[PDB]
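1. whatever this is, show me its structure:
(one chain, ligands or ions: 1)
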Amino acid sequence: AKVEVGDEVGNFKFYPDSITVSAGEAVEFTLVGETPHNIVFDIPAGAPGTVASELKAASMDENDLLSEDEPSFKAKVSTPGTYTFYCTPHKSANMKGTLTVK
Ligand SMILES: [Cu+]
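-> Residues are numbered from 1 along each chain as shown. Shown next is the structure:
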């Protein structure tokens, strides 16, 4: 799957903000526009350790941004379920999305 992170106009949005993948299918998040963004998965209170580890590995560090230099990031989630992700700098600006893994 592919997700666009941001746009050329400066909106704090993922495009699309909902995607469905098959287990093992990578999601490639690629920056669009000049505004830096990142992507980090929410880890539910509740999630088993294996799922928490998957989600951490599928997340950028909060000290990391996509740029024209490093334009993309690839996330792989094996556990079927629905997951929410967000952008660290624009988290409060409601820059978020969902991933369903079949
Ligand atoms: Cu952002």
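
2. who in this structure is up against the ion?
-> By C-beta under 5 Å from the ion, the part of the chain that sits against the ion consists of 37, 87, 89-90, 95. Yep, even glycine has a C-beta here, placed from its N, CA and C like the rest.

3. in this protein, which residue is closest to the centre?
-> Centroid check for the chain by C-alpha atoms, centre = their mean gives residue 39 as the closest residue, at 3.9 Å.

4. contact partners for it?
-> When contacts are counted by C-beta atoms under 8 Å, 6 or more residues apart in numbering, residue 39 is found next to 3, 5, 14, 29, 59-60, 66, 73, 75, 85-87.

5. which one of those is nearest residue 102?
-> residue 75 (15.4 Å; C-beta to C-beta).

6. surely the closest one touches residue 58?
-> Yes - Residue 75 lies in contact with residue 58 (C-beta atoms under 8 Å); the separation is 3.8 Å.

7. other residues contacting stretch 41-54?
-> Against stretch 41-54 from outside (C-beta under 8 Å, 6+ apart): 55-56, 58-59, 75-79, 81, 83-86, 99.

8. give me the subset of those residues lying in strands.
-> Of these, the ones assigned to strands by DSSP state E are 75-76, 81, 83-86, 99.

9. spatially nearest residue to residue 5, not counting backbone neighbours?
-> Nearest non-adjacent residue to residue 5, counting by C-beta to C-beta, 6 or more residues apart in numbering: residue 37, 4.6 Å away.

10. contact partners for residue 16?
-> With C-beta under 8 Å, 6+ apart, residue 16 has these contacts: 3, 97.

11. try it again with 10 Å
-> When contacts are counted by C-beta atoms under 10 Å, 6 or more residues apart in numbering, residue 16 touches 1-4, 97-98.
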